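Positions of Cβ are generated from backbone atoms using ideal geometry, with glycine treated the same way; all protein chains shown enter the neighbour counts. Only the coordinates and a few stated rules stand behind these numbers; no lab work does.
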Amino acid sequence: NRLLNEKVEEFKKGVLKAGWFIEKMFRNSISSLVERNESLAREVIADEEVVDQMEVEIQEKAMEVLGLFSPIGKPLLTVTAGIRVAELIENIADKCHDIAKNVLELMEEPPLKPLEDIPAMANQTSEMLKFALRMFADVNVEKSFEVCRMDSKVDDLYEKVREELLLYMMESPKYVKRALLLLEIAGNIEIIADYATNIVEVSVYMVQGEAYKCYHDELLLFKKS
Ligand SMILES: O=[P-]([O-])[O-]
Ligand SMILES: O=[P-]([O-])[O-]
Ligand SMILES: [Ca+2]
Ligand SMILES: [Fe+3]
Ligand SMILES: [Fe+3]
Ligand SMILES: [Fe+3]
Ligand SMILES: [Fe+3]
Ligand SMILES: [Fe+3]
Ligand SMILES: [Fe+3]
Ligand SMILES: [Fe+3]
Ligand code: NI
């Protein structure tokens, strides 16, 4: 009668497992950079196609649940929220794939410099990813606010890294390619962090049936015309 609940809970756990999968992908992409591990980068590139599949499966299951049970209210919100989260997860995987591509290219020549700010960007981003997936599993609107502040740390680091790498590019032509490849990695981390904030926003909607958005440190009701 309400084995609707069994199927919705399984759908949600599928989405969360694909989440835990990209959480590991992002970890592995940044590890391929710091350890200069060609194989690990190649695994991330391969794993991107696994996540394309996961998106297809999530979408299939959402249709099965919607089409058989025709849910309303909370279960309907959860399923549509799952549809949206699975695209965010797939896109995060695209960005991890692109970081890994950059790692392979970086490995063609010697290390440019010590890595501090990029590892720190990644660390903050992986905290945000973990937190987003935990909000999707069990939403706390009062605490979900914290993701926005976390993102501001990633934005500030990105700006620093961008300025520093521009200086390296200008110092010598031999620094240019590595500095660009590193800058592009930083940019991909910054976007992944944005996606983590979007997972929190969608998770809040999933309970509220009303749109919230990060506005720099503040999670507000979508304040627009
Ligand atoms: O598989 P494509 O959306 O990156
Ligand atoms: O913090 P967002 O505007 O990239
Ligand atoms: Ca290149
Ligand atoms: Fe079952
Ligand atoms: Fe997609
Ligand atoms: Fe995509
Ligand atoms: Fe993809
Ligand atoms: Fe931000
Ligand atoms: Fe951004
Ligand atoms: Fe950002
Ligand atoms: Ni693909």
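Here are a few things to note about the model shown:
- Single residue of region 86-100 satisfying the filter (surrounded by 19 or more Cβ atoms within 10 Å (Cβ to Cβ) and within 8 Å of ligand 1 (Cβ to nearest atom)) that is farthest from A132 (Cα to Cα): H97
- Of all residues in region 97-128, those being touching a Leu at 6+ places or on another chain (Cβ under 6 Å) and of a type in the set (V, I, T) number 1.
- Counted residues, region 130-158 - those being within 21 Å of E10 (Cα to Cα) and within 16 Å of ligand 10 (Cβ to nearest atom): 2
- Qualifying positions in region 43-52 - surrounded by fewer than 17 Cβ atoms within 10 Å (Cβ to Cβ) and either within 16 Å of ligand 3 (Cβ to nearest atom) or within 17 Å of the chain's Cα centre (by Cα) (or both): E49, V50, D52
- When the helices (runs of 4 or more DSSP H) confined to region 120-225 are screened for residues that are free of Cβ contacts under 8 Å to residues at least 60 places away in the same chain and buried (at least 16 other Cβ atoms within 10 Å of the Cβ), those reaching at least 2 such residues are found at 146-171, 176-208.
- Positions within region 89-117 being of a type outside the set (A, V, I, L, M) and part of a helix (DSSP H, G or I), in sequence order: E90, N91, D94, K95, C96, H97, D98, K101, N102, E105, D117
- The one condition in (1) within 14 Å of ligand 5 (Cβ to nearest atom); (2) aliphatic (A, V, I, L, M); (3) surrounded by fewer than 21 Cβ atoms within 10 Å (Cβ to Cβ) that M107 fails to fulfil: (1)
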